[PDB]
Amino acid sequence: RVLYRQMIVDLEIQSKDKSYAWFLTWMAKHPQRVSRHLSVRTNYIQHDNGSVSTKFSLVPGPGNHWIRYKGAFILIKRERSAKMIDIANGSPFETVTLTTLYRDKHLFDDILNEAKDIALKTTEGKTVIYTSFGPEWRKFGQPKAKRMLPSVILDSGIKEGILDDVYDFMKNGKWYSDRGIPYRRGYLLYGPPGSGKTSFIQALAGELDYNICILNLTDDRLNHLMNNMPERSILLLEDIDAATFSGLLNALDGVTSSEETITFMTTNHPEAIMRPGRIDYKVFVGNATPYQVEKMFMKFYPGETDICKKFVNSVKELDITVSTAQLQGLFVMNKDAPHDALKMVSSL
Amino acid sequence: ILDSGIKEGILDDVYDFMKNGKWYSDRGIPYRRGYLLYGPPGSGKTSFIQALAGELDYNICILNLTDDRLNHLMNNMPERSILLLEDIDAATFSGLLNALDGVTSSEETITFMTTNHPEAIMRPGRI
Amino acid sequence: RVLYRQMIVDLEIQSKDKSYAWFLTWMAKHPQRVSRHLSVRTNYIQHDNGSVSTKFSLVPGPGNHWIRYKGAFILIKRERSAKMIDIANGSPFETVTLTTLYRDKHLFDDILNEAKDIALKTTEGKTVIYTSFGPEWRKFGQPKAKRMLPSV
């Protein structure tokens, strides 16, 4: 017995670990094995209605099985404890024990990785939006997928003049640390309402997979909100032109702030704050340009270049406050039909 | 029981809006839609809304007309629901428009709106 | 048995002590040993998003192993209790028992120090900022590293 144990390995995964359900799920889908025993796991969702979504799946279950991974002949046992009870799931304490030779010990990580992979296909890719609830940030608006960077269409150079300033600010940790200055940066996206500011901020947060802790305009707790931001976040200050001003400046910089905090600021009309450490990158996103209209028309209708010019020279006339929200509205009502847009959008 | 064509002009608009997920996703626009059933009181509006919700087996999160929490109510709807706004002609207006669309809404939210006399809101993305 | 026990020492580290995870972490990275058994420890962080940062690491796990520290041939057992349950971590009560000769008893502190060292590489060096919350001081502004004296 001692000699065989030495020439063999074991691996105990106990029921507390998260890699217990993962491993059983993996071994259920393994093609070549022999698992004489089985245990049902039934998920069962009752909605607010009496309607039920239920699904059952069989798993190895208690007692030993066999498996052949890469020519290994792994022996697996699963055992339950007759005396101890876990309080996390209210079930007796279970344990899975894998056992192969010592020579193939390096397979276990591989195996777990495969299990992990069936576990890892989460791919949520989404941008949680926090919000203010008194002096504390609460989640708000169920984790919807982050908007694509292309979705936002602005002027020719502004898309790159900011996507590289931030990308520089993410690589200057040592430069900001050795000088003894705080590692923060502000931004002032300003322009007319409906120019695509918020869409760009959401696209950028999706680019850096951070979370927008939005805050729209109380001054004593404003500092607490600025200071207490979750991990991997991007602050947003809507309508900074509505103001407590001294407390605002104090909260922005006053030896009581957070360490790494990017803070964009949007205003509809930006008329001391422009000093570095405070707001230091100001750019004007405004109404639609003959480049913006062309890029929107080509985003909606792939191909079909001929109509594009016939639209642009048409929109050159009767244009006062032509904005991209208006183009978006007048482009969704004529979907999959540019010919209707040619006469509809031209008159508005 | 309503007029000859209105029963199909809406039962196919919604059925189109339930099949345009990719179209709304690739363009980068939110996946929502509003409706404005308007007419005299007692015309069978609410009956039609309930019949439609029964068709799609959703749940009517009814709300009749506070503005700071109106956004929270719009945002926090249960799964598989159809919002209903009774008497939208009784109004906070700027907060109403903000709650309807302001980069802080829900993802898939159909929202019918009924009024007894419907006299900026008519823009797409809104009604 | 009594004579060998007298000429040998033991050292019980029980699962309540903070020096339990430290010691297993140390013995995982020891180059020369023979640990036939293994136990997974999987850290698993779910952020506010569905995104997951997870990492698993193998440790000696229950049952006895061997190790050679400085020419000692230390024998180590790790055991679980079948009846008692700790409430601090919700797991059964575990215990690691080291056993060498009496002559090399002075190694244990050294060993634990090494383990402590892999534990001690914290080096946070930071200045928490308290603040007023009514008539009571609350932490405020996550423990950022203290600014260098030269900076001023």
# chains A, B, ... in the order shown; residues from 1 in each chain; ligands from 1
$ select_by_dssp --residues "range 31-89 of chain B" --states "strand (DSSP E or B)" --output "list in words"
residues 32, 33, 34, 35, 36, 37, 38, 59, 60, 61, 62, 63, 64, 81, 82, 83, 84, 85 and 86 of chain B
$ interface_residues --of "chain C" --to "chain A" --cutoff "6 Å" --atoms "only C-alpha atoms" --output "short mmCIF file (atom, residue, chain, number, x, y, z; two decimals) with N, CA and C atoms, in the first residue's frame"
data_model
loop_
_atom_site.label_atom_id
_atom_site.label_comp_id
_atom_site.auth_asym_id
_atom_site.auth_seq_id
_atom_site.Cartn_x
_atom_site.Cartn_y
_atom_site.Cartn_z
N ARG C 36 2.90 13.31 -1.59
CA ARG C 36 2.07 12.52 -2.49
C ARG C 36 0.65 13.05 -2.58
N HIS C 37 0.13 13.65 -1.51
CA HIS C 37 -1.24 14.13 -1.50
C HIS C 37 -1.29 15.61 -1.87
N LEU C 38 -2.47 16.06 -2.28
CA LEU C 38 -2.67 17.43 -2.71
C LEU C 38 -4.12 17.84 -2.46
N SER C 39 -4.31 19.13 -2.21
CA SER C 39 -5.64 19.71 -2.02
C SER C 39 -5.69 21.04 -2.76
N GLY C 50 -20.24 40.46 -14.12
CA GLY C 50 -20.04 39.02 -14.14
C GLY C 50 -18.60 38.60 -14.31
N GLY C 141 -11.31 57.35 2.13
CA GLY C 141 -10.29 57.38 1.09
C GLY C 141 -9.25 56.29 1.18
N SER C 151 8.90 64.95 -2.22
CA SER C 151 7.80 65.52 -3.04
C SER C 151 7.44 66.95 -2.60
#
$ residues_around --residues "residue 194 in chain A" --least-positions-apart "5" --cutoff "9 Å" --atoms "only C-alpha atoms" --output "list in words"
residues 286, 287, 323, 324, 325 and 326 of chain A
$ atom_distance --atom1 "CA of residue 280 in chain A" --atom2 "CA of residue 185 in chain A"
7.3 Å
$ residues_around --residues "residue 17 in chain B" --least-positions-apart "6" --cutoff "10 Å" --atoms "only C-alpha atoms" --output "PyMOL selection string"
chain B and resi 23-24+31-33+110
$ atom_distance --atom1 "CA of residue 164 in chain A" --atom2 "CA of residue 278 in chain A"
19.1 Å
$ closest_atom_pairs --of "chain B" --to "chain A" --cutoff "10 Å" --atoms "only C-alpha atoms" --output "Markdown table"
| residue | atom | partner | partner_atom | distance |
| --- | --- | --- | --- | --- |
| B:23 | CA | A:335 | CA | 9.2 |
| B:24 | CA | A:332 | CA | 9.2 |
| B:25 | CA | A:147 | CA | 8.3 |
| B:26 | CA | A:151 | CA | 7.6 |
| B:27 | CA | A:151 | CA | 5.9 |
| B:28 | CA | A:151 | CA | 4.7 |
| B:29 | CA | A:151 | CA | 7.9 |
| B:30 | CA | A:147 | CA | 9.1 |
| B:57 | CA | A:49 | CA | 9.8 |
| B:58 | CA | A:49 | CA | 9.6 |
| B:59 | CA | A:49 | CA | 8.8 |
| B:72 | CA | A:140 | CA | 8.2 |
| B:74 | CA | A:141 | CA | 9.5 |
| B:75 | CA | A:141 | CA | 5.7 |
| B:76 | CA | A:141 | CA | 6.8 |
| B:77 | CA | A:141 | CA | 9.4 |
| B:78 | CA | A:48 | CA | 8.8 |
| B:79 | CA | A:47 | CA | 8.7 |
| B:80 | CA | A:47 | CA | 9.8 |
| B:102 | CA | A:198 | CA | 8.6 |
| B:103 | CA | A:198 | CA | 6.9 |
| B:104 | CA | A:141 | CA | 6.7 |
| B:105 | CA | A:141 | CA | 6.3 |
| B:106 | CA | A:141 | CA | 5.9 |
| B:107 | CA | A:144 | CA | 6.5 |
| B:108 | CA | A:144 | CA | 9.7 |
| B:123 | CA | A:329 | CA | 6.8 |
| B:124 | CA | A:329 | CA | 5.3 |
| B:125 | CA | A:329 | CA | 7.1 |
| B:126 | CA | A:329 | CA | 9.5 |
$ select_by_dssp --residues "chain B" --states "helix (DSSP H, G or I)" --output "ChimeraX atom specification"
/B:6-11,13-17,21-26,45-55,67-75,88-90,93-100
$ write_last_selection --atoms "N, CA and C atoms" --output "compact mmCIF listing (two decimals), in the first residue's frame"
# COMPACT_ATOMS: atom_id res chain seq x y z
N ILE B 6 -56.45 48.42 -36.53
CA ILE B 6 -55.54 48.76 -35.44
C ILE B 6 -55.10 47.52 -34.68
N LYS B 7 -55.88 46.45 -34.73
CA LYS B 7 -55.51 45.23 -34.03
C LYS B 7 -54.29 44.57 -34.66
N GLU B 8 -54.10 44.75 -35.97
CA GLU B 8 -52.96 44.16 -36.64
C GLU B 8 -51.81 45.13 -36.83
N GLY B 9 -52.08 46.43 -36.86
CA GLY B 9 -51.02 47.41 -36.98
C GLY B 9 -50.11 47.51 -35.78
N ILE B 10 -50.51 46.94 -34.65
CA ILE B 10 -49.71 46.93 -33.44
C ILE B 10 -49.22 45.54 -33.09
N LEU B 11 -50.02 44.51 -33.37
CA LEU B 11 -49.61 43.14 -33.12
C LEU B 11 -48.50 42.68 -34.05
N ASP B 13 -46.14 45.36 -35.27
CA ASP B 13 -45.04 46.24 -34.89
C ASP B 13 -44.28 45.68 -33.70
N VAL B 14 -45.00 45.21 -32.68
CA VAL B 14 -44.33 44.60 -31.54
C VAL B 14 -43.62 43.32 -31.96
N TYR B 15 -44.28 42.52 -32.80
CA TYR B 15 -43.67 41.28 -33.26
C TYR B 15 -42.44 41.53 -34.12
N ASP B 16 -42.34 42.71 -34.73
CA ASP B 16 -41.10 43.08 -35.40
C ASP B 16 -40.07 43.54 -34.38
N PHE B 17 -40.51 44.30 -33.38
CA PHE B 17 -39.58 44.78 -32.37
C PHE B 17 -39.00 43.65 -31.53
N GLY B 21 -33.20 42.39 -32.48
CA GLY B 21 -32.13 42.53 -31.50
C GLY B 21 -30.80 42.86 -32.14
N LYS B 22 -30.42 42.10 -33.17
CA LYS B 22 -29.16 42.37 -33.86
C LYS B 22 -29.16 43.74 -34.53
N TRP B 23 -30.29 44.13 -35.13
CA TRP B 23 -30.36 45.41 -35.81
C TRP B 23 -30.17 46.56 -34.84
N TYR B 24 -30.73 46.43 -33.64
CA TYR B 24 -30.60 47.49 -32.64
C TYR B 24 -29.25 47.43 -31.94
N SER B 25 -28.65 46.25 -31.86
CA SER B 25 -27.36 46.10 -31.19
C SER B 25 -26.21 46.62 -32.04
N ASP B 26 -26.18 46.26 -33.33
CA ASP B 26 -25.05 46.65 -34.16
C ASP B 26 -25.00 48.16 -34.39
N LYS B 45 -58.74 50.69 -24.35
CA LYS B 45 -57.28 50.77 -24.37
C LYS B 45 -56.67 49.76 -23.42
N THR B 46 -57.02 49.87 -22.14
CA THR B 46 -56.48 49.00 -21.11
C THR B 46 -56.77 47.53 -21.40
N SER B 47 -57.96 47.23 -21.91
CA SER B 47 -58.25 45.85 -22.28
C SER B 47 -57.29 45.36 -23.35
N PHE B 48 -56.97 46.21 -24.33
CA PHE B 48 -56.04 45.79 -25.36
C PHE B 48 -54.63 45.62 -24.82
N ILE B 49 -54.22 46.49 -23.90
CA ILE B 49 -52.88 46.36 -23.33
C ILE B 49 -52.77 45.06 -22.54
N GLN B 50 -53.80 44.73 -21.77
CA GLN B 50 -53.78 43.49 -21.02
C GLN B 50 -53.82 42.28 -21.94
N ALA B 51 -54.58 42.36 -23.03
CA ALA B 51 -54.60 41.26 -23.99
C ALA B 51 -53.25 41.08 -24.66
N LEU B 52 -52.56 42.17 -24.96
CA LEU B 52 -51.25 42.07 -25.58
C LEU B 52 -50.22 41.51 -24.61
N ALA B 53 -50.27 41.94 -23.35
CA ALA B 53 -49.36 41.38 -22.36
C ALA B 53 -49.61 39.90 -22.16
N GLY B 54 -50.88 39.49 -22.19
CA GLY B 54 -51.19 38.07 -22.18
C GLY B 54 -50.71 37.34 -23.42
N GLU B 55 -50.64 38.04 -24.55
CA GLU B 55 -50.12 37.40 -25.75
C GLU B 55 -48.63 37.10 -25.62
N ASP B 67 -40.47 62.66 -8.83
CA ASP B 67 -39.71 62.54 -10.07
C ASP B 67 -38.36 61.87 -9.88
N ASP B 68 -37.77 61.99 -8.69
CA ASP B 68 -36.46 61.38 -8.48
C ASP B 68 -36.58 59.87 -8.42
N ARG B 69 -37.70 59.37 -7.91
CA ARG B 69 -37.94 57.95 -7.82
C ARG B 69 -38.62 57.41 -9.06
N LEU B 70 -39.15 58.29 -9.92
CA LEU B 70 -39.74 57.82 -11.16
C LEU B 70 -38.69 57.17 -12.05
N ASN B 71 -37.49 57.73 -12.06
CA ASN B 71 -36.40 57.12 -12.81
C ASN B 71 -36.05 55.75 -12.24
N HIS B 72 -36.05 55.63 -10.91
CA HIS B 72 -35.76 54.35 -10.27
C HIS B 72 -36.83 53.31 -10.60
N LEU B 73 -38.09 53.73 -10.67
CA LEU B 73 -39.16 52.80 -11.05
C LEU B 73 -39.04 52.39 -12.51
N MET B 74 -38.72 53.33 -13.40
CA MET B 74 -38.54 52.97 -14.80
C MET B 74 -37.40 51.99 -14.95
N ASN B 75 -36.30 52.24 -14.25
CA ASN B 75 -35.11 51.42 -14.40
C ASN B 75 -35.29 50.04 -13.81
N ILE B 88 -50.35 60.21 -19.08
CA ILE B 88 -49.10 60.93 -19.26
C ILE B 88 -49.32 62.42 -19.49
N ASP B 89 -50.57 62.82 -19.71
CA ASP B 89 -50.93 64.21 -19.96
C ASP B 89 -51.20 64.97 -18.66
N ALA B 90 -50.79 64.43 -17.52
CA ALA B 90 -50.95 65.09 -16.24
C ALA B 90 -49.68 65.77 -15.77
N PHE B 93 -42.24 67.25 -15.99
CA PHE B 93 -42.07 66.97 -17.41
C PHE B 93 -40.61 66.73 -17.80
N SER B 94 -39.71 67.60 -17.34
CA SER B 94 -38.30 67.43 -17.67
C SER B 94 -37.74 66.14 -17.09
N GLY B 95 -38.10 65.83 -15.84
CA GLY B 95 -37.71 64.56 -15.27
C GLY B 95 -38.33 63.38 -16.00
N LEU B 96 -39.56 63.56 -16.49
CA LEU B 96 -40.19 62.52 -17.29
C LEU B 96 -39.38 62.24 -18.54
N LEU B 97 -39.01 63.29 -19.27
CA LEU B 97 -38.22 63.09 -20.47
C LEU B 97 -36.85 62.50 -20.15
N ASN B 98 -36.28 62.93 -19.03
CA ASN B 98 -34.95 62.43 -18.58
C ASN B 98 -35.07 60.93 -18.28
N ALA B 99 -36.09 60.53 -17.52
CA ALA B 99 -36.29 59.11 -17.15
C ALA B 99 -36.49 58.26 -18.40
N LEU B 100 -37.23 58.78 -19.39
CA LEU B 100 -37.52 58.03 -20.64
C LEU B 100 -36.21 57.72 -21.39
$ atom_distance --atom1 "CA of residue 47 in chain C" --atom2 "CA of residue 266 in chain A"
27.8 Å
$ residues_around --residues "residue 86 in chain C" --least-positions-apart "5" --cutoff "9 Å" --atoms "only C-alpha atoms" --output "PyMOL selection string"
chain C and resi 15-16+91-93
$ write_last_selection --atoms "C-alpha atoms" --output "CSV table (one decimal), in the first residue's frame"
chain,number,residue,atom,x,y,z
C,15,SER,CA,-6.4,25.4,11.8
C,16,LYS,CA,-7.5,28.3,13.9
C,91,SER,CA,-15.0,23.9,7.8
C,92,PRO,CA,-14.1,20.9,9.9
C,93,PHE,CA,-11.2,21.3,12.3
$ residues_around --residues "residue 35 in chain B" --least-positions-apart "2" --cutoff "7 Å" --atoms "only C-alpha atoms" --output "VMD selection string"
chain B and resid 33 37 111 to 113 127
$ residues_around --residues "residue 133 in chain C" --least-positions-apart "5" --cutoff "12 Å" --atoms "only C-alpha atoms" --output "ChimeraX atom specification"
/A:135,220-221,224 /C:138-140
